[PDB]
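1. pasting the sequence and an experimental structure:
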Amino acid sequence: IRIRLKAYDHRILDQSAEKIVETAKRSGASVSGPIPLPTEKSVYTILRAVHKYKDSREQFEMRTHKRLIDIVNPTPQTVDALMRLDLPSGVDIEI
Amino acid sequence: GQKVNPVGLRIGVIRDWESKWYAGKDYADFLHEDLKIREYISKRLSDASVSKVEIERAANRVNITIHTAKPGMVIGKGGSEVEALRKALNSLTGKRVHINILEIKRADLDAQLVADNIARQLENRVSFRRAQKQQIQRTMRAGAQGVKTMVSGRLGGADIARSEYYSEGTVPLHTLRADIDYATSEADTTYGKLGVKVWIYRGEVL
Amino acid sequence: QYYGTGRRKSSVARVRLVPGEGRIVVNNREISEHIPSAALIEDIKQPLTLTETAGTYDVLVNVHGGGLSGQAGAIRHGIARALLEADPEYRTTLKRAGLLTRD
Amino acid sequence: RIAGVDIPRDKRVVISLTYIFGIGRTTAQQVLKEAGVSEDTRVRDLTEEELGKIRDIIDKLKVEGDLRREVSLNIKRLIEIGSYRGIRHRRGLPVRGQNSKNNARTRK
Amino acid sequence: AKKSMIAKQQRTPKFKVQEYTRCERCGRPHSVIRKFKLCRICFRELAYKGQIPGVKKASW
Amino acid sequence: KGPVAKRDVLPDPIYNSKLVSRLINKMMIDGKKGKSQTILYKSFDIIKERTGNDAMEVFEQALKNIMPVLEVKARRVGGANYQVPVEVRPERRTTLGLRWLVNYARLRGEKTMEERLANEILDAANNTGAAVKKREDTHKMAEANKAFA
Amino acid sequence: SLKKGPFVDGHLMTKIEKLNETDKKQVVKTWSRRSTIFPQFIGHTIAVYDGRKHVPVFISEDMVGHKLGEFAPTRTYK
RNA sequence: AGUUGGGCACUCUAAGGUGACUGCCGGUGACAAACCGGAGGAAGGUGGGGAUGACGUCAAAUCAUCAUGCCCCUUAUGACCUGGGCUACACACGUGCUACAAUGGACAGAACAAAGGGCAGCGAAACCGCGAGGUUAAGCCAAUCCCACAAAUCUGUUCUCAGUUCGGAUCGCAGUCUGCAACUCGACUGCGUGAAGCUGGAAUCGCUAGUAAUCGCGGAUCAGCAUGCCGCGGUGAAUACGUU
């Protein structure tokens, strides 16, 4: 029961993490807090000009934030609660 | 080599994304689909003065939010418009599409709407010297700590083009907390193509 | 077991000072077996010589990252931190000689 | 001695054989391992038996005897029949294939 | 001479190795990225105006 | 603007001294400080073996014999290009000594550097090394143009 | 084609077979400069299109281990 | 074999906070503004670095990213296909890489990293081949598995500056991969050759600190191609008198 939540901004991931943790704990999941997981970022160095001026460039950043949540106790009530969770698209839940 | 688009700079800090979804193995497909959707809806509602459109993917489900400033026209009879829109969007995408509409209070503060109005006025043969100051005063009366307009291209004078600037108030494009709405619009006229750049300063957040 | 953190040039050192004779262990190895160029060694020993701690404490260190120079820097930083945790009486001696800057 | 002019003055047996047209570094070791000279010696400080073994081993190989003629024979083969490669070889141009607007100037 | 070459790229060639990439927005070669499938200029312009959900300005 | 200072490793495992560490810092090609350290240690060992004298005293004598007291800068008085002698500060004297030592040692030419450095140090301590010749040449240059000061 | 065997076009192979089946004929116009030269191609005069025109070439013993384009320059340098 | 039992101390990781702000003392000073030093402090005087580039000049560059008025072709300046060419080469010039050497050559043993990519994709391990590489194939949608066996460095043998065990250019032969296809026109490997070069004149360029210099690693584009561009780490200094 390993919930892999990955998002682009922590500002949204924090609310989803708090909500899932609360929903799981209320029944007895014995779930550990949101486990901070290392981020993965990819850079895209790009020429800012059209034709000339190779030296001029612009760098855009890819940032992805993900955190793990593990549930120990079966407590199928927790699974039922998890099944009915509706959150924004930035979470991309994956068990 | 001059100022960068403020919108492209404030993103990730204060301004929110105009698109939100984690794409698994289909990021390019989702991107192109949403680009096609935006182009379609823009060329369809151009007569409705639409400013922006955000989209969210909900696992084979699409949610759309439209900021119109005049939804009465976008809804029309209610079922007619929503159908003509959602049926076509589902046909293009092939999956479920859901639509939502939001009204805009004080439409004079939206960059895209003001830019489109100025482009229409210019295409309507209205004098820029008037339109610029008129829109500036309208925005200032609608509530804004700073506004600025730009008009460049063949204004009908001669084979020598120029760019005009009109503004008032504080417009600190360098301040990283300004929440400035910058929008560009094009106006294809009989003498050529004109470009309008309008960035509006509504206020900062502490 | 006086513990002290040490970092330098993308390196990390976990130093724990235990009562012994002065035997220093680096990832279950000796000083020379892992750190040639005795210049670094005497540099690592600078905090141990400024104060009277010749052979009153054994050192067990776990290092990771950086290079030999950065590893020695993190090692000496952690040694200084642990020895300060042991006896803060002479904090001025080390501060005058550095070891509390984290370059 | 070996195949002609010898160079046993002060070069080790491993590198002394390199001066011969047809022997490099690896081939020198391949020969000396069969000869059994330990590859740590100077040619002038050798016995008649070891020298004879080395000379026979070299005679068994193509060392400066037929290589300089086989190369020219192949060159003529690939020149006499057109062979744009061979045309470049004859004209004094790079043969393996390289751009001409730049370096590879070693051919005129 | 853009839409013609666009249809060319769309049509499956005799040898699959002939296939290549295009922007699909302006139809340009020369640095169309695979992940985004957009060219340099279009990619920059779209990233500026809110689109491209995850990408932001880089700095470090 | 204003001036600024700088420091380096003062101690040294063998031949503990500030100037020895400064020299070790010099002759550091491509940042390979370990190679310079090893070469200097081997050269000092060769100095102490070839002669029954401590390398410290020989090194100090060579430094003092190489220390250029007077420099000669450039002063473009119109189309004259005059050269004016200059009093060298002790730090500048030491830096010039180290520079000349390293340069003439690498210029000597031998099987290995350590031998060149040992020979150069021995000659300088005897007031006969190439660095001493450079000192004498600089002193003569300063003398020729001493009329300016 | 290195270990897959010598490479050759199908049309050129069919033409060379129709040629060698009974006897030699006039020069053959072929645009394939990539195809190799098999041992059976000896005596078959063929004209390679070097971009400008079709240049005839006669195959021989020393021309089996190479390709056709080796005997059909595409650029002129006097 | 950190694998296992046990734990979340420490490192590390990712969220919220504190901290640094001329904050305090001495001195100078118009008492202020401001400056030198000092103590506390991890950080002292915009701490180090990146984005943030005003009005305007250069009718600077781009109709070839896109659109674009005017003019022009329109059974053709529009459109389809094979091959060649875009890689030419008498000579010169910028940018970058390799050397001219013993701080090094060749060989043997040992050790420290960071960052990032991976689904028709990365591909361990095994077998085979003097080698580029081929077959089977675990694992990996990823802090797990792979890319990926880091190099400089240390420790040992040896060469003594011989156009050399430096240089490998160039060349003949024999193989490997890619892809319909490698001659014109790719890369890599083994055998043999090894050319010039012995540090470079006019003059000129970059760098005031983890900088230069030096040695490697990954990535985009990509079937295939990297001395090119971006990023990361390892070793790592000297000067700054003073504006003539």
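-> Structure's in. What do you need? Numbering: from 1, shown residues only, chains lettered A, B, ... in the order given.

2. contacts, neighbours, all on C-alpha from now
-> Will do.

3. for chain A, give me its nearest residue in chain B.
-> Closest residue of chain B to chain A, CA to the nearest CA: residue B:21 (4.9 Å).

4. next, count neighbours for that residue.
-> Residues lying near residue B:21 (other CA atoms under 10 Å in any protein chain shown) number 22.

5. that one contacts residue A:89, correct?
-> Yes. Between residue B:21 and residue A:89 there is a contact at 4.9 Å, judged by CA atoms under 8 Å.

6. common neighbours of those two, please.
-> B:56-58 (CA atoms under 8 Å, 6 or more residues apart in numbering or on different chains).

7. pull the number of nearby residues for residue 32.
-> Reading this off chain A. 14.

8. oops, wrong one, chain E.
-> 20.

9. pull the residues that contact the lengthiest strand in chain A.
-> Assignment by DSSP state E gives strand A:57-70 as the longest strand of chain A. Residues outside strand A:57-70 that contact it (CA under 8 Å, 6+ apart) are A:1-10, A:13, A:31-49, E:54-59.

10. so which of those are in strands?
-> Reading strands off the contacts of strand A:57-70 with DSSP E, I get A:2-7, A:35-36, A:40-47, E:55-57.

11. list the contacts of residue B:45.
-> Here residue B:45 is in contact with residue B:74 (CA under 8 Å, 6+ apart).

12. give me the neighbour count for the residue in chain B that chain F sits nearest to.
-> Per CA to the nearest CA, residue B:174 is where chain B lies closest to chain F, at 29.8 Å. Using other CA under 10 Å, residue B:174 is surrounded by 10 other residues.

13. and it, that's in a strand?
-> No. With DSSP: H, G, I helix; E, B strand; the rest coil as the criterion, residue B:174 is located in coil rather than a strand.

14. of all residues in chain F, which one is closest to chain B?
-> Closest point on chain F to chain B, by CA to the nearest CA, is residue F:1, at 29.8 Å.

15. in three-state terms, label the residue of chain F at minimum distance from chain G for me.
-> Across chain F, the shortest distance to chain G (CA to the nearest CA) belongs to residue F:30, at 45.3 Å. Following three-state DSSP, residue F:30 is assigned to helix.

16. OK, contacts around it?
-> Applying CA under 8 Å, 6+ apart, no residues contact residue F:30.

17. quick check: it vs residue F:111, distance?
-> 21 Å (CA to CA, to the nearest Å).

18. close to RNA strand H, is the longest strand of chain A?
-> Yes. Using CA under 7 Å from any atom of the strand, strand A:57-70 reaches RNA strand H at A:65-66.

19. how about the CA coordinates for that strand, as PDB?
-> Provided in PDB are the C-alpha atoms of strand A:57-70 (Å, rounded to 0.1, in the frame of the first residue of the first chain):
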ATOM      1  CA  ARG A  57      19.800  32.100 -24.400                       C
ATOM      2  CA  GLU A  58      16.900  31.400 -22.000                       C
ATOM      3  CA  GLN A  59      16.700  28.500 -19.600                       C
ATOM      4  CA  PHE A  60      13.400  26.900 -18.600                       C
ATOM      5  CA  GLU A  61      13.200  24.500 -15.600                       C
ATOM      6  CA  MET A  62      11.100  21.400 -15.100                       C
ATOM      7  CA  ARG A  63      10.300  20.800 -11.400                       C
ATOM      8  CA  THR A  64       8.500  17.700 -10.100                       C
ATOM      9  CA  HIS A  65       7.700  17.200  -6.400                       C
ATOM     10  CA  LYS A  66       6.700  13.700  -5.100                       C
ATOM     11  CA  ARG A  67       6.200  12.200  -1.700                       C
ATOM     12  CA  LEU A  68       5.600   8.600  -0.600                       C
ATOM     13  CA  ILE A  69       2.900   7.400   1.900                       C
ATOM     14  CA  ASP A  70       2.900   3.900   3.200                       C
END
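
20. for chain C, which helix is longest?
-> helix C:68-86 (DSSP state H).

21. what about whichever helix or strand comes after that one, near RNA strand H?
-> Under the assignment DSSP states H and E, the closest C-terminal helix or strand after helix C:68-86 is helix C:91-97. Yes. Using CA under 7 Å from any atom of the strand, helix C:91-97 reaches RNA strand H at residue C:92.

22. in terms of secondary structure, what does helix C:91-97 contact?
-> helix C:38-50 (3 or more CA pairs under 8 Å, 6 or more residues apart in numbering or on different chains; DSSP states H and E).

23. what about the helix it packs on and RNA strand H, touching?
-> No. Against RNA strand H, helix C:38-50 shows no contacts by CA under 7 Å from any atom of the strand, the least distance being 8.3 Å.

24. hmm, who's touching that helix?
-> C:31-32, C:35, C:54, C:69, C:72-73, C:75-76, C:79-80, C:93-94, C:99, F:12-13.

25. looking at the shared contacts of residue B:21 and residue A:89, state which has the most neighbours.
-> residue B:56 (22 neighbours).

26. keep only those of the contacts of strand A:57-70 that are also close to RNA strand H.
-> When contact is defined as CA under 7 Å from any atom of the strand, those meet RNA strand H at A:9-10, A:35-42, A:45, E:57-59.

27. residue numbers of chain C in contact with chain E?
-> Residues of chain C found near chain E (CA under 8 Å from any CA of the partner chain): none.

28. for chain C, identify the residue most remote from the centre.
-> residue C:89 (18.2 Å; CA atoms, centre = their mean).

29. next, give me the two most distant ones among the contacts of helix C:38-50.
-> C:32 and C:93 (27.6 Å; CA to CA).

30. related to what we said a few turns ago, from the contacts of helix C:38-50, which is closest to RNA strand H?
-> Using CA to the nearest atom of the strand, residue C:69 comes nearest to RNA strand H of these, at 3.5 Å.

31. can you tell me how far the closest one is from residue C:26?
-> According to CA to CA, residue C:69 and residue C:26 sit 14 Å apart.

32. likewise residue B:114?
-> 68 Å.

33. so the two - more neighbours on which side?
-> Neighbour count, other CA under 10 Å: between residue B:114 and residue C:26, residue B:114 has more, with 27 against 20.

34. the more buried one and residue B:106 touch, don't they?
-> No. Using CA under 8 Å, residue B:114 is not in contact with residue B:106; the gap is 11.1 Å.

35. list the contacts of residue D:1.
-> Applying CA under 8 Å, 6+ apart to residue D:1 gives the contacts residue D:55.

36. change it to 10 Å
-> D:7-8, D:51-52, D:54-55 (CA atoms under 10 Å, 6 or more residues apart in numbering or on different chains).

37. so which of the contacts of helix C:38-50 wins on neighbours?
-> Neighbour max across the contacts of helix C:38-50 (other CA under 10 Å) = residue C:79, 30 neighbours.

38. how about a markdown table for the shared contacts of residue B:21 and residue A:89, with secondary structure added?
-> Formatted as a markdown table, those follow (three-state DSSP):
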| residue | secondary structure |
| --- | --- |
| B:56 | strand |
| B:57 | strand |
| B:58 | coil |
